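Asker: Test case, fold it:
(one chain, ligands or ions: 4)
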Amino acid sequence: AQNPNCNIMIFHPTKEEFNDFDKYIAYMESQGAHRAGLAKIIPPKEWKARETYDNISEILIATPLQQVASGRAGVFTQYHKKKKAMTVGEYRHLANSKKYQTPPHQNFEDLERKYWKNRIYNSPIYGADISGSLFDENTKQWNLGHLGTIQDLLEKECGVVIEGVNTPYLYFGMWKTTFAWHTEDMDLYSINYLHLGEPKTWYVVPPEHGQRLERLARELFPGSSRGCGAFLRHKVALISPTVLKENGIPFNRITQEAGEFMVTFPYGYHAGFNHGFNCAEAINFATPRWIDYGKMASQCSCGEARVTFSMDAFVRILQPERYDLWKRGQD
Ligand SMILES: O=C(O)CNC(=O)C(=O)O
Ligand SMILES: [Mg+2]
Ligand code: NI
Ligand SMILES: [Zn+2]
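Answerer: Numbers count the residues shown, from 1 in each chain. Ligands and ions are numbered 1, 2, ... in the order given. Below you will find the coordinate block:
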């Protein structure tokens, strides 16, 4: 078995290997990358996502989210308070202000220490989940707006034609902005490209050990667990590396820098934080190996998780027994 310790792997494809996206994902899996839940892909030196980032300041963040924490430093939840619209240029200036800017630090490890110590005492503002793309239309390799769609994959594998579309999302971050512990909708893959700015630190649990994380989460968030049998679908709970180590949960960590791709694999729980002002782009995707994970994915039916239009068909076709209850949660 390849990669039996479930380490995060880093790949350096050549420009020739960067042509065929599906083939390279299958190659990474042949080397055991998926066992970690997360992989890093450094593009060939010849590639670029677009020519410059000089003209992005007029993009609108219609609903910036202030991430307010409750709990203790290593075990907390966050809720998202909606703020007034602002442009990317206005958000960048806010991120660089004395109130929100990254503090002085020695290295990534020192910054990680400061994040875990101090996150809860601040409420950073996240420009998350903005439909759109920063890939130039002429970028032909690993262009996250030109991938094969999940609906076309289901159709190719299973023969059933379904409604829905699959488009990317932009994330404009600042120091301490946080992504809570989650897997993707329907336990899909995700791919994330860091276009510009300061790094993003990730934590991940191997897919084969995901239920260990879920059992800890039910212990640490006992009211939430009573409310919903899949409450990590709410995307609000944080647990620190120190707490994970104290409870014997297998995980790994890695820092993504500008110009790098990360791939999350089906049922790989992940969480993390931004180091400073940055912009990422991400989208979900599927492969043939996903189908069995999609059929087994947990679902939130309590009403909190509320998701996209396109998840309807995935539930309806892959999980017809769950469909009626899940749909009530959506309505
Ligand atoms: O970058 C973020 O805030 C969150 N990203 C992801 O969870 C992802 O790409 O799967
Ligand atoms: Mg602009
Ligand atoms: Ni994700
Ligand atoms: Zn729920």
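Asker: and the chain, which residues reach ligand 2?
Answerer: Applying C-beta under 5 Å from the ion, one finds that the chain approaches ligand 2 through 56, 58-59. Just so you know, the C-beta spots here come from the backbone N, C-alpha and C atoms, and that holds for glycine as well.
Asker: Show me which of the residues you listed is closest to residue 81.
Answerer: Nearest to residue 81 among the residues of the chain next to ligand 2, counting by C-beta to C-beta, is residue 59 at 21.4 Å.
Asker: If we ignore the residues flanking it in sequence, what's nearest the closest one?
Answerer: Spatially, and ignoring its direct neighbours in sequence, residue 59 is nearest to residue 88 (4.4 Å; C-beta to C-beta, 6 or more residues apart in numbering).
Asker: try residue 199
Answerer: Nearest to residue 199 is residue 275, by C-beta to C-beta, 6+ apart, at 4.5 Å.
Asker: Over to residue 238?
Answerer: Leaving aside its sequence neighbours, residue 238 sits nearest to residue 76 (C-beta to C-beta, 6+ apart; 5.2 Å).
Asker: Phi first, then psi, for that neighbour.
Answerer: phi -150, psi 160 (degrees, to the nearest 10).
Asker: mind starting the numbering at 782 from now?
Answerer: Sure thing, new numbering starts at 782, so read that last one as residue 857.
Asker: Surely it touches residue 850?
Answerer: Yes - assessed by C-beta atoms under 8 Å, residue 857 is found in contact with residue 850 at 4.8 Å.
Asker: Overlap in contacts, those two.
Answerer: 900-901, 1019 (C-beta atoms under 8 Å, 6 or more residues apart in numbering).
Asker: so what's the residue nearest to residue 1019 up against?
Answerer: Residue 857 sits in contact with 850-851, 900-901, 1018-1019, where contact means C-beta under 8 Å, 6+ apart.
Asker: in the sheet, who's paired with it?
Answerer: residue 852, residue 1019 (DSSP bridges).
Asker: Test my guess that residue 832 contacts residue 917.
Answerer: Yes - applying C-beta under 8 Å, one finds residue 832 in contact with residue 917, separated by 6.8 Å.
Asker: Turn the residues of the chain next to ligand 2 into JSON lines, columns for neighbour count and secondary structure.
Answerer: Listed next are the residues of the chain next to ligand 2 as JSON lines, based on neighbours: other C-beta atoms under 10 Å; DSSP: H, G, I helix; E, B strand; the rest coil:
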{"residue": "837", "neighbour count": "18", "secondary structure": "coil"}
{"residue": "839", "neighbour count": "9", "secondary structure": "coil"}
{"residue": "840", "neighbour count": "17", "secondary structure": "coil"}
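Asker: Residue 832 and residue 917: who's more crowded?
Answerer: The residue with more neighbours, out of residue 832 and residue 917, is residue 917; 13 against 10, by other C-beta atoms under 10 Å.
Asker: can you give me the helices in the stretch 932-1081 of the chain?
Answerer: Using DSSP state H, counting those that start in this stretch, the helices of the stretch 932-1081 of the chain run over 991-1001, 1003-1008, 1022-1027, 1071-1077.
Asker: Thanks a lot, catch you later.
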